[PDB]
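Participant: Chains as they are written, first to last, in PDB author numbering: chain B, 1 to 14, 25 to 249; chain A, 1 to 14, 25 to 249.
Note that beta-carbon positions come from the ideal geometry of N, C-alpha and C, so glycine has one too.
Pasting in a structure now, in structure tokens, and then I'll have a few things to ask.
Protein chains: 2
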Amino acid sequence: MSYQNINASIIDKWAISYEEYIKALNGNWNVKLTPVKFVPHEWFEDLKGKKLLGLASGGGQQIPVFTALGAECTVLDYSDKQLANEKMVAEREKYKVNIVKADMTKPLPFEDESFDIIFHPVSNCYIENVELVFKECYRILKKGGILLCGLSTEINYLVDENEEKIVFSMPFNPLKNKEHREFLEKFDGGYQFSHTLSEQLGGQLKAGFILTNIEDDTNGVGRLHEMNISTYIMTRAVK
Amino acid sequence: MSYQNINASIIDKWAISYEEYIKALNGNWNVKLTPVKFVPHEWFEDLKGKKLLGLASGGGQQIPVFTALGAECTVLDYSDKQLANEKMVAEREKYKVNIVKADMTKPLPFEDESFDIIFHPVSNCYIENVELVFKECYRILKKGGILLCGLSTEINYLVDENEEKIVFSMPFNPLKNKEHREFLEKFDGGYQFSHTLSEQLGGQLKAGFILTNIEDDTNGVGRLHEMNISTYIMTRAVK
């Protein structure tokens with residue numbers, strides 16, 4: 001089994027309400043790239059008629075909202091259950107959505123200049139190398155297209171469950187380090203990877219993107235969140 | 001008795027050799043924005059003939075190298091001892107340099123569009139508000155000019171005296187929190203401040219800079235360095 005298939009099966013082992031979809035149709039909406047903050051509405055521009063890709067954004071959480079606002083949406087995920095939740099909500103609200111099962115560690119199955127916007131919430135913590143994913147995002151966006159990302163860092167991988175003593179040496183890589191794989195095994199964590207700023211932000215620059223907004227967020231729950239420690243990045247970039 | 005004067009006296013209380031300067035005249039050189047890594051030479055373009063500002067870059071370690079390579083340099087720093095090092099090298103090599111004592115938290119004493127490049131190594135951990143400094147950098151750079159920075163983050167300000175446990179809630183601000191001021195006063199650390207990515211990177215975007223390169227670095231010594239934990243950013247941006 002590939003580590004990506006192991007991750008999907010763990011996610012499968014573990025959706026927007028009808029009322030919330032109704033609110034979105036009435037103009038009342040908010041989505042997240044990271045655990046706490048809502049994405050400023052201006053980052054998306056006008057979505058009516060825009061082609062949107064939810065990159066590892068399944069579960070029937072954000073795509074139903076973008077669909078209610080008029081976007082023609084495609085959702086890519088490697089978890090069958092995340093994809094099933096997207097289909098369940100599409101059926102409940104009688105809307106069309108292009109559901110694609112695919113591993114984002116590999117080339118994306120779309121043509122060049124196919125999308126106006128890519129919505130990529132926290133998810134690349136499940137893949138080892140992110141630079142190739144950002145180059146693919148650049149290829150499939152049209153000129154002037156928008157990439158919005160939620161991005162993990164190193165801090166959450168420095169600590170153990172006590173969220174206090176710094177115990178792990180970086181990078182956190184369970185493919186390469188027995189100690190990191192063993193820690194995840196105590197909590198059924200699968201294969202998760204720390205990533206540096208050279209990866210999460212420099213990877214977008216190397217692909218050609220112009221970064222326009224960079225903001226911080228916290229975990230939403232737990233000790234590091236209560237201490238107001240910034241553990242995630244929210245980014246907007248344009249091609 | 002201001003915090004900037006306190007920091008300057010602590011740094012004072014705490025330069026390149028002739029051989030190293032001559033190596034630099036011969037195109038054999040390396041400088042740092044952060045504790046460990048050398049700055050890629052391509053980030054500067056060709057220094058010959060460029061007007062360069064070392065912003066809080068005193069100590070006689072980088073400015074003599076850029077002068078050897080043909081840049082016309084100004085060095086700004088608030089530590090008398092750091093500026094003395096620049097004076098000792100300039101007199102030994104008999105080159106021209108503009109040596110300016112000034113507090114970079116306040117407006118910089120330069121005309122708009124005056125410099126081709128600003129070199130800004132790790133230093134803004136000693137000041138509370140960094141967004142105003144980036145705006146001043148944008149004002150004094152020529153169109154098409156380059157800003158190179160070494161930037162501190164939050165991790166170094168999370169930890170106890172042994173770099174073991176995460177004990178401080180953010181932001182770390184000794185002007186506002188007695189507990190933070192007391193911690194530094196135990197190590198003769200002065201007044202240092204944590205800064206977020208919204209500040210260190212978003213502050214460059216809000217001033218008008220276009221980020222072109224983002225890399226990470228470590229502390230160079232101590233427990234977090236031995237664990238390879240990234241605690242600094244290296245950046246290049248263009249106006």
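In the structure shown, what three-state DSSP assignment does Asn238 of chain A receive?
Facilitator: Position 228 of the second sequence, counted from the first residue, corresponds to residue 238 of chain A. DSSP places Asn238 of chain A in coil when its eight states are reduced to three.
Participant: Below 7 Å on C-beta distance, what does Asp226 of chain A contact in chain B?
Facilitator: Looking up residue 226 of chain A in the second sequence gives position 216. Within 7 Å Cβ-Cβ: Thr206, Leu207, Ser208.
Participant: So, is the C-beta of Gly212 of chain B closer than 7 Å to a C-beta in chain A?
Facilitator: By 1-based counting over the first sequence, the position of residue 212 of chain B is 202. Output row for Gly212 of chain B: interface = yes.
Participant: Using a Cβ cut-off of 7 Å (strictly closer), state whether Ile243 of chain A contacts chain B.
Facilitator: Residue 243 of chain A sits at position 233 when you count from the first residue of the second sequence. Yes, because at least one Cβ of chain B sits closer than 7 Å to the Cβ of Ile243 of chain A.
Participant: Residues of chain B with CB under 7 Å from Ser179 of chain A, in chain order?
Facilitator: In the second sequence, counting from the first residue as 1, residue 179 of chain A sits at position 169. Per Cβ cutoff of 7 Å: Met237, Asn238.
Participant: Taking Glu174 of chain B as the query, report the chain A residues whose CB atoms sit under 7 Å from its CB, ordered along the chain.
Facilitator: As a working mapping, residue 174 of chain B is identified with position 164 in the first sequence. The answer, in chain order, is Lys175, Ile176.
Participant: Compile a chain-ordered list of the residues in the stretch 156-168 of chain A whose CB is closer than 8 Å to at least one CB of chain B.
Facilitator: Listed in sequence order: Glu164, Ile165, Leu168.
Participant: What span of residues does the beta strand (DSSP E) with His190 of chain A cover, start to end?
Facilitator: Sequence index remark: in the second sequence, residue 190 of chain A carries index 180 (1-based). Run containing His190 of chain A: none in the beta strand (DSSP E); it sits in the alpha helix (DSSP H), 188-195.
Participant: Please work out which residues of its chain come closer than 8 Å, Cβ to Cβ, to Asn183 of chain A, disregarding the five sequence neighbours upstream and downstream, and give them in chain order.
Facilitator: What you label residue 183 of chain A is simply residue 173 of the second sequence in a count that begins at 1. Here the set comprises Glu138, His190, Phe203, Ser204.
Participant: Of all Cβ atoms in chain A, is any one closer than 7 Å to the Cβ of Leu221 of chain B?
Facilitator: Start at 1 with the first residue of the first sequence, and residue 221 of chain B comes out as number 211. Taking Cβ atoms only, chain A reaches closer than 7 Å to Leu221 of chain B, which makes this a yes.
Participant: In the DSSP assignment, find the unbroken alpha helix (DSSP H) run with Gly213 of chain A in it and report its ends.
Facilitator: Translated into positions along the second sequence, residue 213 of chain A becomes position 203. Counting along the chain, the alpha helix (DSSP H) containing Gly213 of chain A begins and ends at 212-217.
Participant: With contact counted as at least three CB pairs below 8 Å, one residue from each stretch, are the stretch 167-175 of chain B and the stretch 169-186 of chain A in contact?
Facilitator: Judged by Cβ distances under 8 Å, the stretch 167-175 of chain B makes contact with the stretch 169-186 of chain A, as three or more pairs qualify.
Participant: Mark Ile239 of chain A as exposed unless 16 or more other C-beta atoms lie within 10 angstroms of its C-beta, in which case mark it buried.
Facilitator: Taking the second sequence and counting its residues from 1, one reaches residue 239 of chain A at position 229. It counts as buried.
Participant: Less than 7 Å separating the beta-carbons of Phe125 of chain A and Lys61 of chain A?
Facilitator: Start at 1 with the first residue of the second sequence, and residue 125 of chain A comes out as number 115. Start at 1 with the first residue of the second sequence, and residue 61 of chain A comes out as number 51. Against a cut-off of 7 Å, the Cβ pair of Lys61 of chain A and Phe125 of chain A comes out as a contact.
Participant: Evaluate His51 of chain B with the Cβ neighbour count: other Cβ atoms within 10 Å of its Cβ, from every protein chain shown; 16 or more gives buried, anything less gives exposed.
Facilitator: The count along the first sequence starts at 1 and reaches residue 51 of chain B at position 41. Answer is exposed; the Cβ neighbour count stays below 16.
Participant: Indicate the three-state DSSP secondary structure (helix, strand or coil) for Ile6 of chain B in the structure shown.
Facilitator: Walking along the first sequence from the start, residue 6 of chain B turns up at place 6. In the structure shown, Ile6 of chain B sits in a helix (DSSP, three-state: H, G or I).
Participant: With three or more beta-carbon pairs closer than 8 Å as the criterion, would you say the stretch 217-225 of chain A touches the stretch 31-42 of chain A?
Facilitator: No: the two stretches stay apart, fewer than three of their Cβ pairs being nearer than 8 Å.
Participant: Taking the alpha-carbon positions, what's the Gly59 of chain A to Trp53 of chain A distance?
Facilitator: For this step, residue 59 of chain A is matched to residue 49 along the second sequence. For this step, residue 53 of chain A is matched to residue 43 along the second sequence. Cα to Cα, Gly59 of chain A sits roughly 16 Å from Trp53 of chain A.
Participant: Using a Cβ-Cβ cut-off of 6 Å (strictly less than) and excluding sequence neighbours within five positions of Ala8 of chain A, which residues of its own chain qualify?
Facilitator: The residue you call residue 8 of chain A lines up with position 8 of the second sequence. For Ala8 of chain A, where only same-chain residues beyond five positions count, the Cβ hits under 6 Å are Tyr88, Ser89.
Participant: Could you spell out where the beta strand (DSSP E) holding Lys33 of chain B opens and where it closes?
Facilitator: Residue numbering aside, residue 33 of chain B sits at position 23 when the first sequence is read from its first letter. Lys33 of chain B -> not in any beta strand (DSSP E); alpha helix (DSSP H) instead, spanning 28-35.
Participant: At 7 Å on the CB atoms, spell out the chain A contacts of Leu215 of chain B, in chain order.
Facilitator: As a working note, residue 215 of chain B is residue 205 in the first sequence. Result: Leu221, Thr222, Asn223, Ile224.
Participant: Please name the residue in B:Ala25, B:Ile11, B:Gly154, B:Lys13 whose C-alpha comes closest to that of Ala247 of chain B.
Facilitator: Position 237 of the first sequence holds residue 247 of chain B. With distances taken between Cα atoms, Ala247 of chain B lies closest to B:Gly154.
Participant: Just verifying my parser: in three-state terms, what is the DSSP assignment at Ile11 of chain A?
Facilitator: Position 11 of the second sequence, counted from the first residue, corresponds to residue 11 of chain A. Correct three-state label for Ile11 of chain A: helix.
Participant: Count the other CB atoms, across all protein chains shown, that sit within 10 Å of the CB of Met244 of chain B; report buried if there are 16 or more and exposed otherwise.
Facilitator: On the first sequence, position 234 is the one that residue 244 of chain B refers to. Buried is the call here.
Participant: Out of B:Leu194, B:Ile128, B:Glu209, which has the shortest C-alpha to C-alpha gap to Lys152 of chain B?
Facilitator: Taking the first residue of the first sequence as 1, we reach residue 152 of chain B at position 142. Checking every option, the nearest Cα to that of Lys152 of chain B belongs to B:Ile128.
Participant: In this structure, what does DSSP give as the bridge partners for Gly64 of chain B?
Facilitator: Numbered from its first residue, the first sequence carries residue 64 of chain B at position 54. Answer is B:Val85, B:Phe129, bridged to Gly64 of chain B.
Participant: If distances are taken between C-alpha atoms only, which option among A:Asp227, A:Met98, A:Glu82 comes closest to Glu164 of chain B?
Facilitator: Position 154 of the first sequence holds residue 164 of chain B. Checking every option, the nearest Cα to that of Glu164 of chain B belongs to A:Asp227.
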